[PDB]
>>> print(open('final.txt').read())   # compact mmCIF, C-alpha atoms
# COMPACT_ATOMS: atom_id res chain seq x y z
CA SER A 1 -12.51 -42.52 -17.69
CA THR A 2 -11.90 -41.84 -21.37
CA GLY A 3 -12.77 -43.42 -24.71
CA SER A 4 -11.17 -43.23 -28.16
CA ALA A 5 -12.65 -44.65 -31.36
CA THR A 6 -11.74 -44.41 -35.01
CA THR A 7 -14.37 -43.01 -37.38
CA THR A 8 -14.27 -44.03 -41.06
CA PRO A 9 -15.87 -42.46 -44.14
CA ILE A 10 -18.64 -44.64 -45.60
CA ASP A 11 -17.65 -43.91 -49.20
CA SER A 12 -15.19 -42.10 -51.43
CA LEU A 13 -16.97 -38.76 -50.99
CA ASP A 14 -17.03 -38.67 -47.15
CA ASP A 15 -20.84 -38.63 -47.29
CA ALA A 16 -20.85 -39.72 -43.64
CA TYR A 17 -18.62 -41.40 -41.08
CA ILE A 18 -19.17 -44.60 -39.11
CA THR A 19 -17.77 -45.49 -35.72
CA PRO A 20 -17.94 -48.97 -34.16
CA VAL A 21 -20.06 -49.19 -31.00
CA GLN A 22 -20.41 -52.18 -28.67
CA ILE A 23 -23.98 -52.82 -27.47
CA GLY A 24 -25.09 -55.51 -25.06
CA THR A 25 -23.64 -58.59 -23.42
CA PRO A 26 -21.93 -60.31 -25.14
CA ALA A 27 -21.05 -57.29 -27.24
CA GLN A 28 -22.87 -56.70 -30.51
CA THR A 29 -20.78 -54.30 -32.59
CA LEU A 30 -22.73 -51.92 -34.81
CA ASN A 31 -21.30 -49.13 -36.96
CA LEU A 32 -23.09 -45.93 -36.00
CA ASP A 33 -23.20 -42.42 -37.44
CA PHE A 34 -22.15 -40.08 -34.63
CA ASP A 35 -24.40 -37.06 -35.02
CA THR A 36 -23.80 -33.84 -33.04
CA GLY A 37 -27.05 -32.54 -34.59
CA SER A 38 -29.42 -35.00 -32.91
CA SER A 39 -29.89 -36.72 -29.59
CA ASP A 40 -31.19 -40.27 -30.15
CA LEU A 41 -29.09 -43.45 -30.16
CA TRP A 42 -31.07 -45.70 -32.47
CA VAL A 43 -30.21 -48.92 -34.23
CA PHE A 44 -31.37 -51.33 -36.87
CA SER A 45 -32.61 -54.31 -34.89
CA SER A 46 -34.34 -57.68 -34.87
CA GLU A 47 -37.53 -55.60 -34.63
CA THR A 48 -36.95 -53.62 -37.83
CA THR A 49 -39.47 -54.36 -40.60
CA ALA A 50 -37.69 -57.01 -42.66
CA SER A 51 -38.24 -55.30 -46.03
CA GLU A 52 -36.53 -52.19 -44.64
CA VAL A 53 -33.29 -53.97 -43.75
CA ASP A 54 -30.78 -54.35 -46.61
CA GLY A 55 -27.31 -55.33 -45.41
CA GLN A 56 -27.14 -53.52 -42.06
CA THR A 57 -25.94 -55.24 -38.93
CA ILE A 58 -28.80 -55.48 -36.44
CA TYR A 59 -29.00 -55.33 -32.65
CA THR A 60 -30.90 -58.28 -31.20
CA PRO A 61 -31.89 -57.43 -27.63
CA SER A 62 -33.04 -60.98 -26.87
CA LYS A 63 -29.42 -62.12 -27.27
CA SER A 64 -28.14 -59.57 -24.75
CA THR A 65 -28.22 -60.59 -21.08
CA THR A 66 -28.12 -56.92 -20.04
CA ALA A 67 -30.95 -55.69 -22.30
CA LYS A 68 -34.17 -54.57 -20.64
CA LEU A 69 -37.30 -53.29 -22.35
CA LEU A 70 -38.01 -49.72 -21.26
CA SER A 71 -41.68 -50.39 -20.80
CA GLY A 72 -44.07 -48.09 -22.63
CA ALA A 73 -41.34 -45.99 -24.25
CA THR A 74 -41.46 -45.13 -27.95
CA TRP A 75 -39.48 -42.85 -30.21
CA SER A 76 -39.90 -41.21 -33.58
CA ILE A 77 -37.51 -38.85 -35.31
CA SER A 78 -37.37 -36.85 -38.52
CA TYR A 79 -34.10 -35.42 -39.81
CA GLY A 80 -33.33 -32.32 -41.84
CA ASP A 81 -32.84 -34.34 -45.02
CA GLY A 82 -36.38 -35.72 -44.75
CA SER A 83 -35.38 -39.16 -43.50
CA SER A 84 -36.98 -40.74 -40.43
CA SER A 85 -37.18 -43.73 -38.13
CA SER A 86 -39.20 -44.90 -35.12
CA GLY A 87 -39.61 -47.77 -32.71
CA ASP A 88 -39.40 -48.83 -29.08
CA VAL A 89 -36.65 -48.68 -26.45
CA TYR A 90 -34.32 -50.91 -24.47
CA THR A 91 -31.71 -50.03 -21.92
CA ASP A 92 -28.39 -51.83 -22.31
CA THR A 93 -24.64 -51.46 -21.85
CA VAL A 94 -23.01 -49.37 -24.57
CA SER A 95 -19.28 -48.90 -25.07
CA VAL A 96 -17.43 -46.56 -27.42
CA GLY A 97 -13.69 -46.85 -27.75
CA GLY A 98 -13.31 -48.40 -24.31
CA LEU A 99 -15.72 -46.05 -22.52
CA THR A 100 -18.71 -47.89 -21.07
CA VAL A 101 -22.16 -46.59 -20.10
CA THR A 102 -24.59 -48.90 -18.35
CA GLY A 103 -28.33 -48.28 -18.65
CA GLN A 104 -28.06 -46.41 -21.94
CA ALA A 105 -31.29 -45.96 -23.88
CA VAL A 106 -30.88 -47.93 -27.11
CA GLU A 107 -33.75 -47.04 -29.42
CA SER A 108 -34.72 -50.06 -31.50
CA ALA A 109 -36.09 -49.24 -34.93
CA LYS A 110 -39.33 -50.83 -36.02
CA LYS A 111 -39.47 -48.64 -39.14
CA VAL A 112 -36.84 -46.69 -41.07
CA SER A 113 -37.23 -44.53 -44.18
CA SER A 114 -35.84 -45.53 -47.55
CA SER A 115 -32.60 -43.55 -47.31
CA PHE A 116 -31.59 -45.55 -44.23
CA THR A 117 -32.52 -48.86 -45.86
CA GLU A 118 -30.53 -47.94 -48.96
CA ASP A 119 -27.38 -47.21 -46.97
CA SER A 120 -26.06 -50.62 -45.96
CA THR A 121 -23.04 -49.13 -44.20
CA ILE A 122 -24.90 -47.26 -41.42
CA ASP A 123 -26.38 -49.49 -38.69
CA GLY A 124 -27.88 -46.55 -36.76
CA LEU A 125 -27.15 -43.14 -35.25
CA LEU A 126 -25.55 -42.04 -32.00
CA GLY A 127 -26.76 -38.56 -31.12
CA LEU A 128 -24.42 -36.10 -29.45
CA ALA A 129 -26.52 -32.93 -29.36
CA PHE A 130 -28.21 -31.90 -26.10
CA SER A 131 -30.55 -34.36 -24.43
CA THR A 132 -33.43 -31.87 -24.60
CA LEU A 133 -33.83 -32.97 -28.27
CA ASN A 134 -34.19 -36.66 -27.45
CA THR A 135 -37.47 -38.00 -28.85
CA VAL A 136 -38.28 -40.80 -26.41
CA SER A 137 -41.77 -40.54 -24.96
CA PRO A 138 -43.18 -40.35 -22.35
CA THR A 139 -39.84 -40.21 -20.52
CA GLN A 140 -37.10 -38.37 -22.42
CA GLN A 141 -33.73 -40.13 -22.37
CA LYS A 142 -30.14 -38.95 -22.11
CA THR A 143 -27.47 -39.17 -24.79
CA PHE A 144 -24.43 -41.42 -24.45
CA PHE A 145 -22.30 -38.34 -23.71
CA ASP A 146 -24.71 -37.02 -21.06
CA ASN A 147 -24.69 -40.43 -19.34
CA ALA A 148 -20.89 -40.75 -19.53
CA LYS A 149 -20.12 -37.17 -18.52
CA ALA A 150 -19.74 -37.48 -14.77
CA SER A 151 -17.33 -40.40 -15.16
CA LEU A 152 -15.16 -38.67 -17.75
CA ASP A 153 -11.79 -37.19 -16.83
CA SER A 154 -13.01 -33.94 -18.42
CA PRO A 155 -16.61 -33.33 -19.63
CA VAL A 156 -15.69 -33.10 -23.32
CA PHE A 157 -15.64 -35.01 -26.54
CA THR A 158 -13.69 -34.20 -29.68
CA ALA A 159 -14.31 -34.75 -33.38
CA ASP A 160 -11.32 -35.16 -35.66
CA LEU A 161 -12.81 -36.11 -39.03
CA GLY A 162 -10.58 -37.08 -41.92
CA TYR A 163 -10.65 -35.93 -45.51
CA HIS A 164 -10.94 -39.14 -47.53
CA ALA A 165 -9.35 -40.87 -44.52
CA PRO A 166 -10.20 -42.17 -41.08
CA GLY A 167 -10.33 -39.91 -38.05
CA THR A 168 -11.12 -40.04 -34.36
CA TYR A 169 -13.78 -39.37 -31.75
CA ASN A 170 -12.35 -39.00 -28.23
CA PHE A 171 -14.33 -38.80 -25.00
CA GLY A 172 -13.03 -37.26 -21.81
CA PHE A 173 -9.70 -35.80 -22.95
CA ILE A 174 -8.12 -33.46 -25.48
CA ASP A 175 -5.31 -35.07 -27.52
CA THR A 176 -2.79 -32.25 -27.69
CA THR A 177 -0.92 -34.08 -30.47
CA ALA A 178 -3.92 -34.06 -32.82
CA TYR A 179 -3.89 -30.38 -33.78
CA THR A 180 -1.51 -27.56 -34.61
CA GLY A 181 -1.31 -24.20 -32.87
CA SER A 182 -3.92 -23.41 -30.25
CA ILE A 183 -7.60 -24.21 -29.78
CA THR A 184 -9.90 -21.18 -30.01
CA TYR A 185 -13.04 -21.49 -27.88
CA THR A 186 -16.31 -19.78 -28.69
CA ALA A 187 -19.68 -19.48 -26.93
CA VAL A 188 -22.51 -21.99 -27.43
CA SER A 189 -26.24 -21.45 -27.17
CA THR A 190 -28.17 -24.57 -26.18
CA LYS A 191 -31.56 -22.85 -26.66
CA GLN A 192 -32.43 -24.99 -29.72
CA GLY A 193 -30.71 -28.11 -28.37
CA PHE A 194 -27.78 -27.86 -30.77
CA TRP A 195 -24.10 -26.97 -30.53
CA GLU A 196 -25.01 -23.53 -31.85
CA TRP A 197 -22.32 -20.87 -32.17
CA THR A 198 -21.51 -17.72 -34.14
CA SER A 199 -18.72 -17.61 -36.69
CA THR A 200 -17.03 -14.25 -37.04
CA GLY A 201 -16.92 -14.26 -40.86
CA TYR A 202 -15.45 -15.77 -43.99
CA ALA A 203 -13.08 -15.47 -46.92
CA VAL A 204 -13.13 -17.01 -50.39
CA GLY A 205 -9.79 -18.24 -51.67
CA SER A 206 -7.07 -15.64 -51.19
CA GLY A 207 -9.70 -12.91 -50.86
CA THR A 208 -10.06 -10.50 -47.99
CA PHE A 209 -11.82 -11.66 -44.85
CA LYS A 210 -15.38 -10.39 -44.42
CA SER A 211 -16.25 -9.75 -40.78
CA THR A 212 -19.84 -10.81 -40.28
CA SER A 213 -21.67 -12.88 -37.66
CA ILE A 214 -22.92 -16.24 -38.92
CA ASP A 215 -24.98 -18.22 -36.39
CA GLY A 216 -24.95 -21.94 -37.12
CA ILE A 217 -24.61 -25.42 -35.66
CA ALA A 218 -21.66 -27.79 -35.53
CA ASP A 219 -23.25 -30.92 -37.00
CA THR A 220 -21.19 -34.04 -37.67
CA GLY A 221 -24.30 -35.74 -39.07
CA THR A 222 -24.66 -33.33 -42.00
CA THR A 223 -22.35 -33.85 -44.98
CA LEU A 224 -22.10 -30.34 -46.40
CA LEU A 225 -21.60 -26.73 -45.32
CA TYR A 226 -24.86 -24.75 -45.46
CA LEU A 227 -24.50 -20.97 -45.22
CA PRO A 228 -26.50 -17.83 -46.10
CA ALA A 229 -27.24 -17.31 -49.79
CA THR A 230 -25.09 -14.17 -49.86
CA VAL A 231 -22.01 -16.07 -48.64
CA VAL A 232 -22.60 -19.04 -50.93
CA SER A 233 -23.11 -16.82 -53.99
CA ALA A 234 -19.84 -15.03 -53.21
CA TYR A 235 -18.05 -18.38 -53.08
CA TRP A 236 -19.41 -19.88 -56.31
CA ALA A 237 -18.93 -16.61 -58.22
CA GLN A 238 -15.22 -17.43 -58.05
CA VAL A 239 -15.68 -20.69 -59.95
CA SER A 240 -16.07 -20.28 -63.70
CA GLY A 241 -19.25 -21.97 -64.91
CA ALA A 242 -20.70 -22.63 -61.45
CA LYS A 243 -24.44 -22.12 -61.07
CA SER A 244 -27.35 -23.01 -58.86
CA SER A 245 -29.49 -25.71 -60.43
CA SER A 246 -33.04 -26.16 -59.16
CA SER A 247 -33.22 -29.46 -61.05
CA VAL A 248 -30.16 -30.85 -59.28
CA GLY A 249 -30.93 -29.19 -55.96
CA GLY A 250 -28.03 -26.81 -55.40
CA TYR A 251 -24.85 -25.36 -56.78
CA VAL A 252 -23.01 -27.38 -59.39
CA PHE A 253 -19.74 -26.63 -61.14
CA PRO A 254 -17.70 -27.94 -64.04
CA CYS A 255 -15.75 -31.00 -62.95
CA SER A 256 -12.76 -29.47 -64.76
CA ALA A 257 -12.62 -26.61 -62.23
CA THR A 258 -10.04 -26.01 -59.53
CA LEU A 259 -12.01 -24.93 -56.47
CA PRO A 260 -10.88 -22.11 -54.20
CA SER A 261 -10.54 -22.61 -50.47
CA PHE A 262 -13.11 -21.27 -48.03
CA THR A 263 -12.12 -19.75 -44.68
CA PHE A 264 -14.42 -19.35 -41.68
CA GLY A 265 -13.79 -17.34 -38.53
CA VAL A 266 -13.72 -18.66 -34.96
CA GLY A 267 -13.23 -15.56 -32.85
CA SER A 268 -9.99 -14.02 -34.12
CA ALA A 269 -8.86 -17.41 -35.50
CA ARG A 270 -9.39 -18.81 -38.99
CA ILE A 271 -10.13 -22.34 -40.25
CA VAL A 272 -9.28 -22.95 -43.91
CA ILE A 273 -11.29 -25.50 -45.86
CA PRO A 274 -9.19 -26.55 -48.88
CA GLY A 275 -10.92 -26.37 -52.26
CA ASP A 276 -10.75 -30.13 -52.75
CA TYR A 277 -12.93 -30.62 -49.64
CA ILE A 278 -15.72 -28.78 -51.46
CA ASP A 279 -15.81 -31.23 -54.42
CA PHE A 280 -18.60 -33.81 -54.15
CA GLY A 281 -18.06 -35.26 -57.58
CA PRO A 282 -20.26 -35.89 -60.61
CA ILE A 283 -23.98 -35.32 -60.06
CA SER A 284 -24.55 -38.69 -61.73
CA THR A 285 -22.09 -41.31 -62.91
CA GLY A 286 -20.10 -40.05 -65.88
CA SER A 287 -21.39 -36.48 -65.70
CA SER A 288 -19.05 -33.54 -66.14
CA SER A 289 -21.23 -31.49 -63.77
CA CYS A 290 -20.00 -31.77 -60.19
CA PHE A 291 -21.89 -31.12 -56.95
CA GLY A 292 -20.68 -28.39 -54.62
CA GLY A 293 -19.89 -28.89 -50.95
CA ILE A 294 -21.01 -25.40 -49.93
CA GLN A 295 -24.74 -24.85 -50.38
CA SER A 296 -27.35 -22.32 -49.35
CA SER A 297 -29.12 -22.67 -46.00
CA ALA A 298 -32.03 -20.57 -47.27
CA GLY A 299 -35.18 -22.50 -46.43
CA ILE A 300 -33.41 -24.82 -43.96
CA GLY A 301 -33.93 -22.18 -41.30
CA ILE A 302 -30.45 -22.65 -39.83
CA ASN A 303 -26.84 -22.51 -40.98
CA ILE A 304 -25.01 -25.83 -40.67
CA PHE A 305 -21.29 -26.36 -40.22
CA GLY A 306 -21.37 -29.93 -41.44
CA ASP A 307 -18.57 -32.35 -42.23
CA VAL A 308 -17.09 -30.20 -45.01
CA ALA A 309 -16.27 -27.54 -42.40
CA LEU A 310 -15.62 -29.72 -39.37
CA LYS A 311 -13.17 -32.06 -41.10
CA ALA A 312 -10.87 -29.06 -41.69
CA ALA A 313 -10.50 -28.70 -37.90
CA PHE A 314 -9.94 -30.45 -34.61
CA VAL A 315 -13.22 -29.68 -32.81
CA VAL A 316 -13.82 -29.69 -29.07
CA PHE A 317 -17.37 -30.15 -27.81
CA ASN A 318 -17.05 -28.89 -24.25
CA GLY A 319 -19.97 -30.08 -22.13
CA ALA A 320 -19.03 -28.19 -18.99
CA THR A 321 -21.83 -26.47 -17.06
CA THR A 322 -21.54 -23.63 -19.56
CA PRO A 323 -20.87 -25.47 -22.84
CA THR A 324 -18.44 -24.11 -25.41
CA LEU A 325 -16.96 -25.17 -28.76
CA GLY A 326 -13.27 -25.17 -29.60
CA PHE A 327 -11.64 -25.19 -33.03
CA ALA A 328 -8.01 -25.76 -33.97
CA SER A 329 -6.25 -26.22 -37.28
CA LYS A 330 -4.60 -29.60 -37.85
>>> encode(input="final.txt", output="structure tokens")
Amino acid sequence: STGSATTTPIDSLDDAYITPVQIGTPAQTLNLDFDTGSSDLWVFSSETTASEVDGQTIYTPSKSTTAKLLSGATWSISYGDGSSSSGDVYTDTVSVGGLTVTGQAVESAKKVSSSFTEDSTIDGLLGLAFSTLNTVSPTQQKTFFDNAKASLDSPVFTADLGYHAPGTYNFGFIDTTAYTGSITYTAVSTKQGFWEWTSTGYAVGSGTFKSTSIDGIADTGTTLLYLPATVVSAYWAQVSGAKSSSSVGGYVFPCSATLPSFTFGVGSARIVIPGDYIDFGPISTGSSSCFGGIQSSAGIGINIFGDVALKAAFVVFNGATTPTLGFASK
């Protein structure tokens, strides 16, 4: 089997991407944030505290003939940005782009933090990291991908995120028309539960490539590119007037600037992030200070190849017995 679904930016900045997902019988379609940095499929639901729902579409398990309470199971998750959610668990039929999993754990939110409430466009998350990170207790549950894997034509999914445009998540096949040149594959460590890999270095603009190992995760659920302070300082030093602002919470730059590109290494290959991808616009409406899309990972504890980086590539998440990651230009 295979599946193919379009993923759409939630706003003009590509802050996140939503992908329609069919849950239950008859289908209830919710728009979920596919997140290769976590491993829970959770949704706004008929059980979510009413004051914490503001415009989201909810899953109502009582209206699904295939929903079953997973008795005794609870979940609770905290994300890197400080947001969180928790609740109980149902199993139900879940389909993405024509690919159907029966008996999928659908984590029903009883509580969500304010950032989720305030984002009316995201009806939940669909985790695509390794199932060892799944938070369901006392019986850990498998991700949608883990459940689908054996049925897939090939045990892979791909992320093809758009810049200010829709893109695609495919399951079970590699669309050889969706990228240019060849795909370069690189080793993955699953020790922390993430799609963790080591970039071979970077360049700023037309500058020379610096060969240096940068361990980080491929995370579709993180907006920006978070790299070591040395790398980030080297980038922003090429933008006149750019500075790190503790009050704003990162590097800012004059909105009048033209940003240089940023290149990262995948083995001997190179992925170029155009300068425009690094512009996250005014810090507040009407400001001439703009927020940067490359930020320091210092104090996160991990480097994160978020959407800013991934949307410059066609990315293969290879879930073979020994997982790997592939990157191509597009």
>>> closest_atom_pairs(input="final.txt", of="range 219-252 of chain A", to="range 122-127 of chain A", cutoff="12 Å", atoms="all atoms listed in the file", output="CSV")
residue,atom,partner,partner_atom,distance
A:219,CA,A:127,CA,10.3
A:220,CA,A:127,CA,9.7
A:221,CA,A:127,CA,8.8
>>> closest_atom_pairs(input="final.txt", of="range 257-330 of chain A", to="range 195-207 of chain A", cutoff="6 Å", atoms="all atoms listed in the file", output="Markdown table")
| residue | atom | partner | partner_atom | distance |
| --- | --- | --- | --- | --- |
| A:260 | CA | A:205 | CA | 4.8 |
| A:261 | CA | A:205 | CA | 4.6 |
| A:262 | CA | A:204 | CA | 4.9 |
| A:263 | CA | A:203 | CA | 4.9 |
| A:264 | CA | A:202 | CA | 4.4 |
| A:265 | CA | A:200 | CA | 4.7 |
| A:266 | CA | A:199 | CA | 5.4 |
| A:267 | CA | A:200 | CA | 5.8 |
>>> residues_near_point(input="final.txt", point="(-12.3, -35.0, -52.9)", cutoff="12 Å", atoms="all atoms listed in the file", output="ChimeraX atom specification")
/A:11-15,162-165,255,258-259,273-282,290-293,308
>>> write_last_selection(input="final.txt", atoms="C-alpha atoms", output="compact mmCIF listing (two decimals), keeping the file's coordinate frame")
# COMPACT_ATOMS: atom_id res chain seq x y z
CA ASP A 11 -17.65 -43.91 -49.20
CA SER A 12 -15.19 -42.10 -51.43
CA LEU A 13 -16.97 -38.76 -50.99
CA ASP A 14 -17.03 -38.67 -47.15
CA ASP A 15 -20.84 -38.63 -47.29
CA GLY A 162 -10.58 -37.08 -41.92
CA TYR A 163 -10.65 -35.93 -45.51
CA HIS A 164 -10.94 -39.14 -47.53
CA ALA A 165 -9.35 -40.87 -44.52
CA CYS A 255 -15.75 -31.00 -62.95
CA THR A 258 -10.04 -26.01 -59.53
CA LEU A 259 -12.01 -24.93 -56.47
CA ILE A 273 -11.29 -25.50 -45.86
CA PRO A 274 -9.19 -26.55 -48.88
CA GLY A 275 -10.92 -26.37 -52.26
CA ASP A 276 -10.75 -30.13 -52.75
CA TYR A 277 -12.93 -30.62 -49.64
CA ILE A 278 -15.72 -28.78 -51.46
CA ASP A 279 -15.81 -31.23 -54.42
CA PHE A 280 -18.60 -33.81 -54.15
CA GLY A 281 -18.06 -35.26 -57.58
CA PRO A 282 -20.26 -35.89 -60.61
CA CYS A 290 -20.00 -31.77 -60.19
CA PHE A 291 -21.89 -31.12 -56.95
CA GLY A 292 -20.68 -28.39 -54.62
CA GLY A 293 -19.89 -28.89 -50.95
CA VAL A 308 -17.09 -30.20 -45.01
>>> closest_residue(input="final.txt", among="A:136, A:242, A:67, A:315", to="residue 175 in chain A", atoms="all atoms listed in the file")
A:315
>>> atom_distance(input="final.txt", atom1="CA of residue 110 in chain A", atom2="CA of residue 87 in chain A")
4.5 Å
>>> residues_around(input="final.txt", residues="residue 244 in chain A", least_positions_apart="5", cutoff="10 Å", atoms="all atoms listed in the file", output="JSON, numbers by chain")
{"A": [233, 236, 249, 250, 251, 252, 253, 291, 292, 295, 296]}
>>> closest_residue(input="final.txt", among="A:48, A:211, A:63, A:222", to="residue 33 in chain A", atoms="all atoms listed in the file")
A:222
>>> closest_residue(input="final.txt", among="A:109, A:140, A:129, A:46", to="residue 62 in chain A", atoms="all atoms listed in the file")
A:46
>>> closest_residue(input="final.txt", among="A:132, A:154, A:143, A:301", to="residue 103 in chain A", atoms="only C-alpha atoms")
A:143
>>> closest_residue(input="final.txt", among="A:97, A:299, A:155, A:193", to="residue 39 in chain A", atoms="all atoms listed in the file")
A:193
>>> residues_around(input="final.txt", residues="residue 169 in chain A", least_positions_apart="3", cutoff="6 Å", atoms="all atoms listed in the file", output="ChimeraX atom specification")
/A:4-5,158-159
>>> decode(input="final.txt", residues="range 46-73 of chain A", atoms="N, CA and C atoms", output="compact mmCIF listing (two decimals), in the first residue's frame")
# COMPACT_ATOMS: atom_id res chain seq x y z
N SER A 46 -14.11 15.90 21.69
CA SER A 46 -15.28 16.18 22.50
C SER A 46 -14.98 16.14 23.99
N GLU A 47 -13.80 15.63 24.35
CA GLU A 47 -13.38 15.57 25.75
C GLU A 47 -12.51 16.75 26.16
N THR A 48 -12.08 17.56 25.20
CA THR A 48 -11.21 18.69 25.52
C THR A 48 -11.97 19.76 26.31
N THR A 49 -11.38 20.19 27.42
CA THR A 49 -11.92 21.28 28.23
C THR A 49 -12.43 22.40 27.33
N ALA A 50 -13.71 22.75 27.47
CA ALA A 50 -14.38 23.63 26.51
C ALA A 50 -13.67 24.97 26.35
N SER A 51 -13.19 25.54 27.45
CA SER A 51 -12.53 26.84 27.41
C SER A 51 -11.19 26.80 26.67
N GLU A 52 -10.71 25.60 26.38
CA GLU A 52 -9.41 25.42 25.73
C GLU A 52 -9.55 25.10 24.25
N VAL A 53 -10.79 25.08 23.77
CA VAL A 53 -11.08 24.90 22.35
C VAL A 53 -11.54 26.24 21.78
N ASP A 54 -10.88 26.68 20.71
CA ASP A 54 -11.19 27.97 20.07
C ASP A 54 -11.05 27.84 18.56
N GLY A 55 -12.02 27.19 17.93
CA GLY A 55 -12.07 27.10 16.48
C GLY A 55 -11.57 25.81 15.85
N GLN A 56 -10.92 24.95 16.64
CA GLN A 56 -10.42 23.69 16.11
C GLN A 56 -11.58 22.75 15.78
N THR A 57 -11.35 21.87 14.82
CA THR A 57 -12.24 20.76 14.58
C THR A 57 -11.92 19.65 15.57
N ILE A 58 -12.94 19.08 16.18
CA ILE A 58 -12.75 18.07 17.21
C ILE A 58 -13.14 16.68 16.71
N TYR A 59 -12.45 15.68 17.25
CA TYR A 59 -12.80 14.27 17.10
C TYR A 59 -13.80 13.90 18.19
N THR A 60 -14.89 13.27 17.80
CA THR A 60 -15.91 12.84 18.75
C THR A 60 -15.99 11.31 18.68
N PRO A 61 -15.33 10.61 19.61
CA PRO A 61 -15.29 9.16 19.47
C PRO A 61 -16.66 8.50 19.55
N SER A 62 -17.61 9.11 20.25
CA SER A 62 -18.92 8.50 20.40
C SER A 62 -19.69 8.46 19.08
N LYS A 63 -19.25 9.25 18.10
CA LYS A 63 -19.87 9.26 16.78
C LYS A 63 -19.16 8.33 15.79
N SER A 64 -18.12 7.65 16.25
CA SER A 64 -17.40 6.71 15.41
C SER A 64 -17.70 5.27 15.80
N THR A 65 -18.20 4.48 14.86
CA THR A 65 -18.60 3.11 15.14
C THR A 65 -17.40 2.18 15.34
N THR A 66 -16.21 2.66 14.99
CA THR A 66 -15.00 1.87 15.11
C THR A 66 -14.11 2.32 16.29
N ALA A 67 -14.53 3.36 17.01
CA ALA A 67 -13.79 3.83 18.17
C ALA A 67 -13.95 2.88 19.36
N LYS A 68 -12.86 2.65 20.07
CA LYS A 68 -12.91 1.86 21.28
C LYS A 68 -12.00 2.50 22.32
N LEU A 69 -12.53 2.73 23.51
CA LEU A 69 -11.69 3.24 24.60
C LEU A 69 -10.57 2.23 24.86
N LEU A 70 -9.34 2.73 24.96
CA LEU A 70 -8.22 1.90 25.37
C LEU A 70 -8.18 2.02 26.89
N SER A 71 -8.77 1.04 27.55
CA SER A 71 -9.09 1.18 28.96
C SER A 71 -7.86 1.38 29.82
N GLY A 72 -7.88 2.43 30.64
CA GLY A 72 -6.81 2.68 31.58
C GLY A 72 -5.66 3.49 31.03
N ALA A 73 -5.65 3.72 29.72
CA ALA A 73 -4.51 4.40 29.10
C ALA A 73 -4.62 5.92 29.19
